[PDB]
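Asker: starting from these lines, generate the structure:
(chains A, B, C, D, E and F, ligands or ions: 3)
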Amino acid sequence: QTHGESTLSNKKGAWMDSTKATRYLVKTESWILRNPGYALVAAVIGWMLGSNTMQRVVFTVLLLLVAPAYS
Amino acid sequence: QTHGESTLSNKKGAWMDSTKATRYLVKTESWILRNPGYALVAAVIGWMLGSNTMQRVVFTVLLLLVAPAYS
Amino acid sequence: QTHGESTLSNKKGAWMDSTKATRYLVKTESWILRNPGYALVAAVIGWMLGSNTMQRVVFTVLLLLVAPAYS
Amino acid sequence: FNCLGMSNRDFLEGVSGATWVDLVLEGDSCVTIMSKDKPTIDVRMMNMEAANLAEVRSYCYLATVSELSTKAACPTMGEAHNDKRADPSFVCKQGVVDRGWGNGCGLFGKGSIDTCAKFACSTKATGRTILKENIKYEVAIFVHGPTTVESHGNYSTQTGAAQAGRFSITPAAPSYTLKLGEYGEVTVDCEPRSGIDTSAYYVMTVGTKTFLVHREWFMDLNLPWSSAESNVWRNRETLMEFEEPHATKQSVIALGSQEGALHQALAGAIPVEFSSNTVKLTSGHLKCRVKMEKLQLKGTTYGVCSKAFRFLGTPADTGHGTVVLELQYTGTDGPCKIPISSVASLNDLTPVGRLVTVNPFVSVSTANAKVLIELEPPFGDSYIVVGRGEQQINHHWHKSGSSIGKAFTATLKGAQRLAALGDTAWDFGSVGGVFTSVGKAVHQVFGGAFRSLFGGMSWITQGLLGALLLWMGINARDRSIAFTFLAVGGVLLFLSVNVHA
Amino acid sequence: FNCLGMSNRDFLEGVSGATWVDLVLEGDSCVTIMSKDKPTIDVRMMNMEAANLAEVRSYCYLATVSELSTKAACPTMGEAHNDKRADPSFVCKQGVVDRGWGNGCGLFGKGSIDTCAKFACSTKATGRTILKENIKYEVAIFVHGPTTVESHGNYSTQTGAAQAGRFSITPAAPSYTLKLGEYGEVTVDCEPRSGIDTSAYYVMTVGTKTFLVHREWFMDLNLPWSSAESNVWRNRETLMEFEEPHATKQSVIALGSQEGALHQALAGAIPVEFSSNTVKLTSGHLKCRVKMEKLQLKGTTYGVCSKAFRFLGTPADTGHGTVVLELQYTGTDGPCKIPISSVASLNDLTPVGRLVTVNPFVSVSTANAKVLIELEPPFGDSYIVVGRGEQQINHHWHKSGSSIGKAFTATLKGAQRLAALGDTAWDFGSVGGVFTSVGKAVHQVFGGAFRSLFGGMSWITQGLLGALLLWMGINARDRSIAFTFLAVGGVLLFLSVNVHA
Amino acid sequence: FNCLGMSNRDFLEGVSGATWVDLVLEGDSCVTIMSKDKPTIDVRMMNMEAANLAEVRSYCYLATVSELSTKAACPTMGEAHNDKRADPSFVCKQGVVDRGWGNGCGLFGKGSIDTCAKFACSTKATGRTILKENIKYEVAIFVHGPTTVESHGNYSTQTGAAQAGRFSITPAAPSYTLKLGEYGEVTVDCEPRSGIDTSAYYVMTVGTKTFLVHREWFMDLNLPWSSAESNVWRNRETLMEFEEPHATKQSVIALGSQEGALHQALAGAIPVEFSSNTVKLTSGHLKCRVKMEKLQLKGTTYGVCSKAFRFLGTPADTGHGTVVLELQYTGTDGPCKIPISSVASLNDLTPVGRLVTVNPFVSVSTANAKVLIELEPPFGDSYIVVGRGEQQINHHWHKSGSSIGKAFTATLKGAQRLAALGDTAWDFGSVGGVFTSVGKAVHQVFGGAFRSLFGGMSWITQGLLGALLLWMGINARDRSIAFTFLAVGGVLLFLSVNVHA
Ligand SMILES: *[C@@H]1O[C@H](CO)[C@@H](O)[C@H](O)[C@H]1NC(C)=O
Ligand SMILES: *[C@@H]1O[C@H](CO)[C@@H](O)[C@H](O)[C@H]1NC(C)=O
Ligand SMILES: *[C@@H]1O[C@H](CO)[C@@H](O)[C@H](O)[C@H]1NC(C)=O
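Answerer: Numbering: from 1, shown residues only, chains lettered A, B, ... in the order given. Ligands and ions are numbered 1, 2, ... in the order given. You can find the structure just below:
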């Protein structure tokens, strides 16, 4: 569990601000790269579960985000 | 990213096999306890997104899983 | 938690066979006798919860048994 | 070692041609096997002893608490930790207490305290397991030969006469051929490894009294427990009471002796004898097969006694449908067979009752020779005739009951044996029939599910569920589920009433 | 100290009817207060310093394992328990291992194993709490007087000239009156106990560097921890690995140093300075009320300088719309005021821009006296005119931007301050208006609800949820729920983008 | 070595007339082949050892930062460039800092800086690839002959008796013919080149421990890495943290040791032995074919013994349905068969249970000869009769379980083998056949698709996805897609539960 953005009105830099954008993305990126076959599974399951276009898109995004970060 | 289950057909234990159950759940459970108020948000968003009970349940579960593990 | 009837196919008496009939009744009898007002509550709830005479009787008996042995 | 004088007694009539019969030797019971042209034998297991018991877990029911020490902490400073937070001989607990400027603190609030006490057990209840290789049943076989009142129950006299024998049935020697004087040999092929399910019990010792308790019940005792090889204690907070959270000294006292609560919790447990690491128990069963192909009559080459007999005392009904009496031979004819029979009238003189003591004879050659004879008179009025002519002595006997009541008692005892033994009850008096095997298989299949469904229920819950299921089946619409509920409720009600509670 | 040369600088205007101003002094930020006929002052908090830190909990990230011992147990027996389990500072674990006649056992199955090892921590990360009575802020007030480029940042010169002062703001002394000779005096009423919520942070020292971490995050670390002033470690099984069950000797090794894993976990933590059990923090905020009624303008009794001035360099823009330039006065007229002004053209000559250095004057009486002056020219082309007549010097200046762009930057900075301070941002620049109080109360309730709902999220979760809520709002039939979802999605997207990641 | 005492033991009964059988020798597992008229053999791979490991990539988890230097530039001098950009082993980062007349600049703005620091690695995590021409599986073959309890697991004794032997299986020598004393010869045509996929694993050494990591997981590691036998470190910014940008000197510190973070990342890796540049793996599988043409049964010409036996200790259930016991011959006949059998009763004496130690005999000619015999009794009650007549010894044995439970356990173990081996599981116990080949091909294509779809998932994601697919299948209108979803969800749930986590 990472610390995350502090609440102490900091106009300066935190401990690791260089990785502040990629810290919550490197795992998902490296997982989807080596495991590209899931992108089709998530798309199919989202298309078959959503009755609307918005529902299908949200299902696909949620599945493609939950698979790398297993919980 | 953690190594995960190997594919060598091993009958003994892996490196960290005692934590094989709570390996991917310690972060999510600890995040839920600190932030109970999100469970209401995920529930209402899933309810307002899904048109069927199955869609509502799946939306709620996917949101409640994707919030702790931000990726 | 008491031991209960053994499975050894015994023909003599167990350790406490004289209390074999009153071991599971001394608590309920003494409880019903020290507050008979619950018997009205159990009867009313069983009558207002069951649609048939059998359902009312079973509800009444189950409540009047659950109250003394709180577990 | 024999059946005379026992409330539990079974009679099995051996079919002519069959050389063996399957027995289920229950503890404190007795099986009398009668054949057409063979002597009568009594078979019963006297006990089942098992030495070299292994300790599995020891519970403490009397603990000692001393060396009280409390470590207090200020509010919003985290839970306190005492100096004696170590593993050995110390149990600790976290509590909150009011702190302030009066208590010597800096802030006001519920300050955290951590008090520890020295745990020391005084008397423990050791549980031991039974190794299936150390079990040995003690089976006794007695042959109905020439005995008296004082000699029928004397084991030394019956072994000197080679009419009885006590022997051990171990897994390494499940078969024993008991040699007799002139009655031949009796061979039993028992099943000691599967007789008593020792893999489901523990030998629990609470003080001086020892019990045979279930395994799952012994492991669910909410009490401080340790292992065999002088282990440390665990779950020790159940015998310790932290009275009231105090700032400087929270008092900790140990509860009273839990020996009474143990004896009160061992309600349905079975008391056993335990000494020298050996457990002995009289209850239980032992499925055995008695082979009687080499069992012969003694005294068939003798002649009928010519002199007159006399009734010493009155015949007695043993309660199992048989009658035991005493005769005193007045002659010195030596070894001679007794002309005793059970007739319906004194003008027919046709044998109507079956003798239990097959081929009775006067063994000794003295003047007055007492002899114990057991008969099975017919229901109603009958006579016990000894001799004929002028030497004839008669004794009227009335046997109450009837053949219908006998069948009712027989089916009641069969249902009780089926409830007490389960699938093993089908192998009682079994000669290997096709109906027996099918019945035993169906009983296994049904009893597995029945135990899985209603295993740990008392006679009250069983009776209530039986009544409820009968009511559901009576008010049921489908004829299948109705009869299913009827059968299950009947079995449950029988099991509830069978406890006699 | 001073606002010159700081990217974070805000300008507050003094109301003619208000005697005090309310401002939130953020760390690494500076506030410039410009009032009419009053000297300009720079109020800036330097740091928050809290001594006498109380230790709370020390996590271990580098343990040592030695003195290994293993005890086995036969199957169908009790669990194994090692004798070192009684000794403290030993971590034991139970497991199963194959046993048989080859392992010296008596039965075949999964025998119980019990391995223990001595746990010894090498380096630990101590977490300390901040007592709200020991906190003290260092606030610096600087009045814009006669300064040079060198002496502007020199605190010794500004203190000797009585134009600046660093003072400590403690809860026991929340107010301070800074005597500025001939400039009057300024009083600040600050809220030290409510400035930085020290009750929500721990001071965690990981090796040689110290961080300011959340309390909820610090108490969720899965590492061997010990309480304050205690050597007994708990949760020691994390830094130990039991490799593989073995009957005679199971190998136990300690994991590597978790110092890197801690640094990776302290991603958003704020690094602080920790020395002599005292933490120094240059971040945070401090709400203060600046009293400026007794603040008088110095140099109002001086005459205008009669000799010629010169620009010591090209005037420089500061990025905040202001311009700083250094003049040099040739004459020796003693203390004289500088006739500098910003005009829109060299033929109008009427002042159009505001001077930040109000009433600038030459302090010393010697020749070649350098004076630093800060102005605020209007947007567009203007001229910085110094003097009049034949000695008039001027410098053309172009100010890029407009009042609309300035308003957009101002509202963006206000939104960022509202996102960074919460309800405290409504107290910035406030003079006690009824609108500010209502806004602060509404923001209090809405922010409480918003934090209770969407607290603990990262910028990715916040952004995704805001996009989803916007998509749900634009597709909503009702009007109220649609506007609510739009507002929540907008504020979530703003909080996601405000992180700049 | 042998199968006795192994928790993972499978029995394969070859059909009559079969000369070979395909095996899949798994690590820590043992397969026992029982063929009619042939001696029983035990085949198992002990360890896979690969030497001459080639290094591929070396990560750094403990770095050192030194030689700090910072080059600053004014807001209008462009970007700052430090003279350490041309020096390798120096990591540089460009940043911005607020500059002004106080810092030593001439303008105000975000001045560019370029801080460099020397990167030096102190401890590395070296990964090494496995060359397929250097692997060698150690296989052990043991034939069930005359052994004792003490000498059953003694490899030296079993080789002196020519009843066992360890040998290597190399890709250069994929076949080995083990020559037994009088049991003939056994040969194994193993496939070591396709046993363990070495092209998908690296041998990573993290400090004192060594692992067998995935090839793709090792390359995706975010740490400073250098190629084989090279000091050029890349991706060095991960172990270095650049602190708050300062004008004259920006601090750069190296993160803590990432050894513990690596041990946590190696959660599912397989620990291996590593010494002298070779690696030993006890886990893995090896598809092999055991040919038993020259395998002959020893002792078929001996005469049946005449003296009496005795049971030394109690028989023990091995846990796989078989029962091992030790006899002791009391005669000196020499090489003589043993008349041991598993019968249901002492009346019929018909063999109901088979012998694992086929054709047992007393080898030595001494007086007291201990013999270890392993039987396979039937379910329920049975007897282990040794000899006939007045010298026979009986031992009762009850085998708990049923033939249906055996079928369920066999199906579960087959499913687990199919999940752990994939298409290789069809080669287990295969003597050819059209069903096996088509099944293996269908499993190949289905497993390829299944891995390409759900390859890198954990048991949690697999379980959730399987539950979702089952819920979609039970609510699917079309029967085809419903069956597909049900099958995929069942496979996913089985794989999620098979890990027992
Ligand atoms: C059995 O008979 C012998 C010899 O008459 C006598 O000594 C012994 O006391 C008797 N035992 C019992 C139990 O009556
Ligand atoms: C401030 O000026 C004094 C001389 O008046 C000098 O000694 C000191 O070093 C200066 N301080 C700084 C920070 O430049
Ligand atoms: C094997 O047997 C030999 C000879 O009996 C003995 O010296 C040796 O110690 C034994 N080894 C083991 C591991 O039992």
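Asker: which residue does chain A bring closest to ligand 2?
Answerer: Residue nearest to ligand 2 within chain A (Cβ to the nearest ligand atom): residue A:12, separated by 21.8 Å. To be clear about C-beta, it is placed using only N, CA and C from the backbone, and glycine gets the same treatment.
Asker: helix, strand, or coil at that residue?
Answerer: coil (DSSP: H, G, I helix; E, B strand; the rest coil).
Asker: dump the residue contacts of residue 39.
Answerer: Using chain A. A:32, A:64 (Cβ atoms under 8 Å, 6 or more residues apart in numbering or on different chains).
Asker: right idea, wrong chain: chain D
Answerer: D:143-145, D:183, D:295-298, D:358-359.
Asker: quick check: the farthest pair among these?
Answerer: The span of the contacts of residue D:39, defined through Cβ to Cβ, is set by D:144 and D:296 at 13.5 Å.
Asker: quick one: which of the two has more around it?
Answerer: Shown here are residue D:144 and residue D:296; by other Cβ atoms under 10 Å in any protein chain shown, residue D:144 has more neighbours (26 against 15).
Asker: can you give me the helices in chain A?
Answerer: A:26-34, A:38-49, A:53-66 (DSSP state H).
Asker: please identify the deepest-packed of these.
Answerer: helix A:53-66 (a mean of 19; mean count of other Cβ atoms under 10 Å in any protein chain shown).
Asker: spell out which parts of chain D neighbour chain F.
Answerer: D:20, D:132-133, D:171-175, D:189-194, D:287, D:289, D:291 (Cβ under 8 Å from any Cβ of the partner chain).
Asker: now, these that are in strands?
Answerer: D:20, D:175, D:189-190, D:287, D:289, D:291 (DSSP state E).
Asker: next, give me the two most distant ones among those.
Answerer: Using Cβ to Cβ, these span at most 14.4 Å, a distance reached by D:287 and D:291.
Asker: who has more neighbours out of the two?
Answerer: residue D:287 (21 against 18).
Asker: now do the same contact list for that one.
Answerer: Counting by Cβ under 8 Å, 6+ apart, residue D:287 touches D:22-25, D:190-191, D:194-195, D:424, D:427, F:381.
Asker: okay, stretch D:226-241 in PDB with CA atoms only?
Answerer: In PDB, the C-alpha atoms belonging to stretch D:226-241 read as follows (Å, rounded to 0.1, in the frame of the first residue of the first chain):
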ATOM      1  CA  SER D 226      -1.000 -28.000  26.100                       C
ATOM      2  CA  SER D 227       0.600 -30.800  24.100                       C
ATOM      3  CA  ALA D 228       2.000 -34.100  25.200                       C
ATOM      4  CA  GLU D 229       5.800 -33.500  25.700                       C
ATOM      5  CA  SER D 230       5.400 -31.000  28.600                       C
ATOM      6  CA  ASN D 231       4.400 -28.200  26.200                       C
ATOM      7  CA  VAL D 232       3.600 -24.600  27.300                       C
ATOM      8  CA  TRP D 233      -0.100 -23.600  27.800                       C
ATOM      9  CA  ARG D 234      -2.300 -22.000  25.200                       C
ATOM     10  CA  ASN D 235      -5.700 -20.400  25.300                       C
ATOM     11  CA  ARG D 236      -4.900 -19.400  28.900                       C
ATOM     12  CA  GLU D 237      -7.100 -16.400  29.000                       C
ATOM     13  CA  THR D 238     -10.200 -18.600  29.600                       C
ATOM     14  CA  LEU D 239      -9.100 -19.300  33.200                       C
ATOM     15  CA  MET D 240      -8.000 -15.800  34.000                       C
ATOM     16  CA  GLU D 241     -10.300 -12.900  34.900                       C
END
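Asker: which parts of it are buried?
Answerer: D:226-228, D:231-233, D:236, D:238-240 (16 or more other Cβ atoms under 10 Å in any protein chain shown).
Asker: which SS class is residue D:439?
Answerer: Classified using three-state DSSP, residue D:439 is helix.
Asker: and of the helices of chain A, who's closest to ligand 3?
Answerer: Of all these, helix A:26-34 comes closest under Cβ to the nearest ligand atom, at 46.9 Å.
Asker: okay, the closest one in PDB with CA atoms only?
Answerer: The C-alpha coordinates for helix A:26-34 follow below in PDB (Å, rounded to 0.1, in the frame of the first residue of the first chain):
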ATOM      1  CA  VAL A  26       3.100   0.700 -14.700                       C
ATOM      2  CA  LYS A  27       1.600  -2.500 -13.400                       C
ATOM      3  CA  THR A  28      -1.500  -2.400 -15.600                       C
ATOM      4  CA  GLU A  29       0.600  -1.400 -18.700                       C
ATOM      5  CA  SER A  30       3.100  -4.200 -18.200                       C
ATOM      6  CA  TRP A  31       0.400  -6.700 -17.600                       C
ATOM      7  CA  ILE A  32      -1.700  -5.800 -20.600                       C
ATOM      8  CA  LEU A  33       1.400  -5.800 -22.800                       C
ATOM      9  CA  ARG A  34       2.500  -9.400 -22.000                       C
END
